[PDB]
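Here the structure comes first, spelled out in structure tokens, and everything after it is commentary.
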Amino acid sequence: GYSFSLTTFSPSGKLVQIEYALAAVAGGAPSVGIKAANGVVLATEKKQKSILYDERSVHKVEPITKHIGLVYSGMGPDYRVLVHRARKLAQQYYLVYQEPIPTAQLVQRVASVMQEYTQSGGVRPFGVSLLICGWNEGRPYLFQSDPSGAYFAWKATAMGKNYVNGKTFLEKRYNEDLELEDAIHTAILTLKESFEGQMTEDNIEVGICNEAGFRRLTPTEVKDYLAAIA
Amino acid sequence: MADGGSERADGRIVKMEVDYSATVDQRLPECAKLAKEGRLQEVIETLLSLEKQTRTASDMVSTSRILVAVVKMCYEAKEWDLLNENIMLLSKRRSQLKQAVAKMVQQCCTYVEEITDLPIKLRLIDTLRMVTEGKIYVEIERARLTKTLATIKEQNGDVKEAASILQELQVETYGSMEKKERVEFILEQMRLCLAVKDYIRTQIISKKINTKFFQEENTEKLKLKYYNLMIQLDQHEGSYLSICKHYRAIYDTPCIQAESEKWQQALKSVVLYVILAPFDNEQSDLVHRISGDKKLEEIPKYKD
Amino acid sequence: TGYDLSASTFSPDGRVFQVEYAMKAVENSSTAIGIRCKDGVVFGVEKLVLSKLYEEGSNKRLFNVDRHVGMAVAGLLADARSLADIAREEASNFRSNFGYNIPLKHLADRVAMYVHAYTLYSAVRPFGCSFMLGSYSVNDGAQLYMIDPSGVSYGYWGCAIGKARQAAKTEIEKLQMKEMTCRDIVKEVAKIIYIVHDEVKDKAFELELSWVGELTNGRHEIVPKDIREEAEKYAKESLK
Amino acid sequence: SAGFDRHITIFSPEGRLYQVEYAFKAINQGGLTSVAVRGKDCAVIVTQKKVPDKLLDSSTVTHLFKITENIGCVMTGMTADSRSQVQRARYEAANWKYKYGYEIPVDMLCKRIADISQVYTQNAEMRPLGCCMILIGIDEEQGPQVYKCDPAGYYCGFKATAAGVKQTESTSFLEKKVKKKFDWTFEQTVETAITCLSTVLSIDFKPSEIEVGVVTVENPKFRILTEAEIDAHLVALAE
Amino acid sequence: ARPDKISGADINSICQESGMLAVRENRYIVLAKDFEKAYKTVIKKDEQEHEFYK
Amino acid sequence: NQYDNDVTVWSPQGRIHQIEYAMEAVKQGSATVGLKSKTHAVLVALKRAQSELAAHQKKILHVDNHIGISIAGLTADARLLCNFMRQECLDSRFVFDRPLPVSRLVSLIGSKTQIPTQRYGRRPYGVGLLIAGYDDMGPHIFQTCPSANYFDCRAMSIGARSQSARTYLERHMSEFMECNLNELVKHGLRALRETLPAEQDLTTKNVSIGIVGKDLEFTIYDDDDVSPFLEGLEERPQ
């Protein structure tokens, strides 16, 4: 019975309310994202609870600009909040500099926002881990954040249920050199490793990032591609 | 309401004696509204019992006349609606069905002497729904025994009525407890498995025979009269060693009888099934368990 | 029994115990009823003298909020005074912004939102009041509303607030309420208040009756109760 | 578990928070049932009333709150949260109409209400408005819509929709009913709504207890039905 | 396909209550109604849902 | 009893005990008695001292030309409500250029003391006001409470052992209404001489009397126009 709340350190350890938010992230819906040579592939795992829900209303894959994709693994109600913050911030950058914002500067400022919520002492942290990507100046990128304010840079990663198992498959399956199609193939493979047995044109939801810009794929080509891709 | 069923019943009993069923057309929404009202404990339950008894007076008028059954199936259509908009949870309201359908099977007793096959089995295809759907009764299960017995007597016993009795055997041994009359129904399918001649279905329904134990105490000699059917169970198809209870139940049927011929066939068939049963432990001493009868040593074949 | 401390927190079964405890605070307060007729709304409050120290004309729970609206409060009196001031302020804003009399639905909804806003946060407590709101208009008729301590505000023909909440409406509802003008309803409310608690737990009480409708031409004021003196010459005939 | 006694909005171990999943049955203290259905170019709300009193009125017990001239809603849960949420919805729809010059689509309104509930959830020292809201409306190029807003701030929206007390059973009937691919010719919708509530609650009652709110692409105005035509639909499904 | 999560003893609780509920009809033959009556008399408490926050 | 610390918390019996504790803090003040005739309102209080040599802590204080208050309980809140009282008096005296009616002033007092009884962060005011005034309709004797449930009376008495005073007020409230100033004031101190234990007697230096009249401005008196008020008495019935 301690820590409680956000203003004071432990006797020796860490920030238990951030560790619990990370556990709530790890208890979330799975996702996978892979940086290839020319593009970046994002893929989530979106199961409706009943047969009643519609798949055209809520969207996991969400663009920040015309060339910057972003998925998560956590809670949509906080996700939309920090999405809207990132929207307004990226449009403020484009007001200041009249140039589309680079992804490193996005990740700096979004990390500053999340860090400002981790400061004391009445607000809770986000239960949201991001996977940010974009194609700025030829070389595409991939940046994962976390509730603690930190950030990383990945070649391919995963987040959600069985991220450890999916990551051990990613270490074996993926490599340095692929194209976007082979990236989607290995991405649906590593998401199909951990998802339920019935995977359709609606249970997944996939957006890509070519150098020609962000592209959020449709259920038509998603159903064409995952119609027993291997 | 109570006065609202009082004025309706006590002023619409009259027009049955003369008029056609246009007042029954002018009672269909009246009985529908009284059933929609349907007060909880007894009130419009008994009011609708009264008004469906006067509906049976209209049944005299129209369904005793040309036996059309369109008037019957229209009356069971408005009963179907009357049972559908009014749930009857067993919240103490069912008796709009009770004496209604018991006078319908009273009509069917006037009809098995009066009516032909088609409208009585249309009445039966209505009351199949009514009783296997509306909170299964006790005496219209006995009237269900006699009404599916009339479906048996249609062509007097076939494979189709064997399927009727083998679908209606074991459904209502468990909803209303009973020991006498449903046993006198459960005897009846052995001739329905002999007029199709299936001895192993005779043994499946003999599994249905010996699940009805404590046969005794029901009436005076019902089961000693049932031993006739209990020995027809394996009389002539009977093997040699599974037949000891069988060929002892031949003998306790003339135990009441002071006769010397039909009780003498009981003596000789309780003593000559030993020649059926091969060398056994029950044999060499059961022949002297049964020995000790006075009329037994007066047969030269028994000495043999 | 918890977890009953703050007004922001929920329970393991999902309700706020602060609001319940504030609701049954008014249960110990004086009995206050109300009923409308086809051309007016009548209030009535069983009011009690402490022992002999009052003045019969102090601290009257029958307030007077707008020109045609008044309260019939019961509960903590000062909280009701502050809430009456808030209601006067809201009717003031409406009269200043739109040039005509406030409809009672809109007034009741603003007051319900104000009470709900005092039930929301953890710094403040919920109100300990439960009051009545009556009105009349030439294009609207008579309207009688009702606000609980939580902030649920809807409409009635008759109501009761106090100890005998059920024990008034047991015989309120057997009144032929539509076909009567309110001048009968005056002595009706007199007999209803006079039925409950003559001498049993306390020693003596005293009656006030408020009065709005078509007969006041849209005004709201206390009756000249001494005029027609309708309680006592019928209260002494209501004991048998 | 707790342990931590879940008094404020923090994260507990493994891994949930208990305040919102206590708020999810503040709906269940309402004692009330709501069903929404979208089949075709119409949309139907149905919700009963629990009025035991004859001294109590019948017009002001209405839960159907006409948000704007083309958007309706119904509320369950506790009443104060519901009415305050409704005035926030009206205020923000009027803010849309002022700022952007045209009528708000029902999606953005649910997003804005969800965001308000999330801000009420993100910052502590405020109760998280324990009521659930179902919206309906007609939109051009999309037909009709049915949406649900959570007290948590999780909006969603879908074909056959139900929230309140007994709606595991209602969604069980709506899985067992919206599986056959027939069209829904508006009396199919009204009949399935009345009979789904009539099988969940199993009452089969007067036309004076339920409230029916409809919207149709023939008159896009929100419309509340009258006792006569409610009685007409009820006896039209009476066989 | 229902997310029952009913850990691996209480399948026999389903079996016991369901089969013996058929013993209230004394049939040895099993319906799908046994599954509904053993999914509304077993750990149908928590359930189902919560489906927020993932 | 662990719910019994703050103003915000409703009790599980609905009685917020901070209000009860403020009432009990009012019950430990000095005795004081206020009572009115049809034309004159008189409030009389009792003084005490810290030691023999020191002077007595005063109770009757001036407010305005026709308003004067008695007091019991805390003194910081007393002077706080005094400054607020004088402020609201000179506010309406500036704006409307009239003397204030007493009832709207005491309604403002209740609305003033409402806020520290509902939000968190202020205490309820331990205060014992007995207010005498003159509107157009004659004298008024109001009293307050820390629950801001102000009362109007014809004769009240608050403070320590003030109940015997109330019994005297019961058995002479019919007699109060007719008399002029002098025997009215001596009825007031024939309440104060029963607010005391019987083994000591009310002297000069410990009593205070403040009269406001329909033509008479509010005036406090101490020992010298009270030496006329103290004669005209007999002993207690021993």
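Per Swiss-Prot, chain F residues shown: 4-241, in order.
This entry, so its header tells us, was determined using electron microscopy, 4.9 Å.
Each Cβ is built from the backbone N, Cα and C atoms, and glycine gets one as well.
The following features are taken from Swiss-Prot:
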- F:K115: ubiquitin cross-link (CROSSLNK)
- F:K208: ubiquitin cross-link (CROSSLNK)
- F:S110: O-linked glycosylation site (CARBOHYD)
- F:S110: phosphoserine (MOD_RES)
- F:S177: phosphoserine (MOD_RES)
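Where Swiss-Prot records a feature, it is marked here on the structure.
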residue : record                      : Cβ within 10 Å
F:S110  : O-linked glycosylation site : 15
F:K115  : ubiquitin cross-link        : 16
F:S177  : phosphoserine               : 8
F:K208  : ubiquitin cross-link        : 12
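Secondary structure at F:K115 (ubiquitin cross-link), as computed by DSSP, is helix. In three-state terms derived from DSSP, F:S110 (O-linked glycosylation site) belongs to a helical segment. Cα to Cα, F:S177 (phosphoserine) and F:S110 (O-linked glycosylation site) are separated by 28 Å.
Taking the C-alpha positions, the distance from F:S110 (O-linked glycosylation site) to F:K208 (ubiquitin cross-link) comes to 35 Å.
Cα of F:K208 (ubiquitin cross-link) to Cα of F:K115 (ubiquitin cross-link): a span of 34 Å. Filtering the recorded positions F:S110, F:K115, F:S177, F:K208 for a Cβ under 8 angstroms from any Cβ of chain C leaves F:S110, in order along the sequence.
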